[PDB]
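Sequence positions in the sequence shown follow the authors' numbering and run 21 to 389, 418 to 451, 462 to 497.
Just so it is clear, CB atoms sit at the ideal spot from N, CA and C, and this is done for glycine as well.
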Amino acid sequence: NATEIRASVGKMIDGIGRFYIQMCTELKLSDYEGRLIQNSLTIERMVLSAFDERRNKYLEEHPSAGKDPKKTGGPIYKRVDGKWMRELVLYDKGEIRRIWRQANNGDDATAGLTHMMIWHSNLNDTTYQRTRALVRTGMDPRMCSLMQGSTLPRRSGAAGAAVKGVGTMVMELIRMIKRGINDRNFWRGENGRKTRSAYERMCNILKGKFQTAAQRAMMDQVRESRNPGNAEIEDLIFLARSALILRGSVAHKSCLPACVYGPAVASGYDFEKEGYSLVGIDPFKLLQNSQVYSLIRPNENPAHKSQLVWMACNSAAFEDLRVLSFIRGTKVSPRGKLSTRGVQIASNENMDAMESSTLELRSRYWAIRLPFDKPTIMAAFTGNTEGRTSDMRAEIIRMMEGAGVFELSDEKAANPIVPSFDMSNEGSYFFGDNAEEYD
């Protein structure tokens with residue numbers, strides 16, 4: 021049905037909220053501290069860590085010597101008379117798993133864990149830069165607009181495949197080949213047909229994201245190359261360049277932090293009875309009636325820190341800023357022009373110099389489901433005229449050289475608003491990027 025899918029998604033949100041409510045009490049957090057997204061991020065990672073048990077499926081964590089492997093934790097931020105202090109907590113993974121299951125009526129409710137994994141992915145995509153991770157692979161750093169989901173853990177299942185961008189899959193495939201060429205046994209033994217089945221699916225996953233017959237036909241030859249080498253790497257890079265113009269279709273799910281679902285459940289909002297959808301107005305309505313706080317570093321502009329959180333909640337980092345600027349009712353600027361840094365607080369930072377602020381995650385309209421940068425057409429058309437030409441590579445080039463919104467009062471899309479884009483401002487979030495690189 022279309023209403024029972026809204027009910028199963030609803031009970032998932034309920035579980036996340038009821039979980040967050042419970043942990044806010046066990047850690048004896050204020051209501052303000054409970055709505056602090058920094059505490060939400062820590063509470064989120066811990067439960068993911070409790071079920072991950074060092075598989076790097078729900079998250080990735082760096083090892084530390086002497087740390088009991090059977091316990092999880094993170095920094096919890098608490099305030100007294102306006103001064104924040106970091107406190108590191110340690111909980112047994114087993115107990116975290118029990119609280120999560122108890123909050124989900126006894127079920128493992130793994131879909132709720134992945135839900136928070138996506139949110140972490142969206143936030144990282146919006147906060148950090150992967151230009152070094154691209155350059156250290158042979159890819160063009162100007163493919164940043166293709167890297168949705170590139171921070172998802174190494175062993176994320178098909179869960180993350182849906183939101184992984186063309187650029188993310190291309191690199192993943194390239195990496196597999198680069199150690200298939202520097203280790204004989206990679207495709208040998210059943211340890212090899214282990215990785216061949218994965219190579220085939222990852223190829224067909226990326227094939228499915230392409231929406232031109234020529235792009236898919238060339239992925240077929242990459243898939244059915246019995247031993248891929250530096251030849252297939254070259255054409256995967258070519259496909260990535262074609263994806264800057266003949267963009268592929270990628271999922272964009274609006275996953276909000278637990279500090280939003282948490283208080284909403286305490287309000288008495290039973291998401292199972294009334295329903296929920298990651299697509300449409302419900303995620304906008306949660307944020308509009310939300311109240312989330314965030315720590316602020318000296319000289320960080322609270323308005324910009326709000327934008328990057330709002331953009332991560334809506335998974336819009338890879339959309340045109342002129343379009344989102346009209347929806348938000350305010351200019352949503354490129355990352356390079358944001359006078360702020362990440363939401364997470366490093367271990368080295370001075371906590372006495374930290375302030376709080378209400379995040380502005382509100383929008384003026386909502387949406388469902418413009419020329420290209422010069423940086424992107426330059427990257428797309430730096431093809432290897434140098435060397436190999438082909439069949440469908442020449443056709444794809446030919447195709448490349450050829451190249462709703464509603465008011466929140468409009469609850470089910472009656473009067474669509476024709477948009478007004480101001481062509482003055484840049485369209486890509488990554489134009490003149492200034493942000494930290496991931497890890």
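CB of residue i within 8 Å of CB of residue j, strictly
i	j	result
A70	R117	yes
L172	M163	no
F479	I265	no
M222	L193	yes
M137	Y40	no
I197	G249	yes
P477	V352	no
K325	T360	yes
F291	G30	yes
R174	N76	yes
Alpha carbon of residue i to alpha carbon of residue j, nearest angstrom
i	j	result
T147	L328	7 Å
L259	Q235	7 Å
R204	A332	41 Å
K273	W139	9 Å
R243	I316	48 Å
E252	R261	14 Å
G158	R195	10 Å
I475	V463	5 Å
residue 457	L143	Any question about the placement of residue 457 has no answer from these coordinates, since the chain jumps from 451 to 462.
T45	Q231	49 Å
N483	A179	35 Å
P303	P283	14 Å
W207	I201	10 Å
Sequence-distant residues of the same chain with beta carbon closer than 6 Å to residue i, five excluded per side
i	result
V109	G93, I96
residue 18	Outside the modelled stretch of the chain, which goes from 21 to 497, sits residue 18, for which no answer is possible.
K184	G169
Contacting residues, own chain, Cβ-Cβ under 7 Å from residue i (five flanking each side not counted)
i	result
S310	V280, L381
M371	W104, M105, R106
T23	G295
Exposure of residue i, with buried meaning 16 or more beta-carbon neighbours within 10 Å
i	result
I25	exposed
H135	buried
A85	exposed
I388	exposed
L418	exposed
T62	buried
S170	buried
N59	buried
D145	buried
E449	exposed
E73	exposed
Per-residue DSSP class, three states only, for residue i
i	result
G132	helix
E339	coil
Neighbourhood of residue i by C-beta distance below 8 Å, restricted to the same chain and skipping five residues each side
i	result
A323	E380
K98	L49, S50, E53, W104, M105, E107
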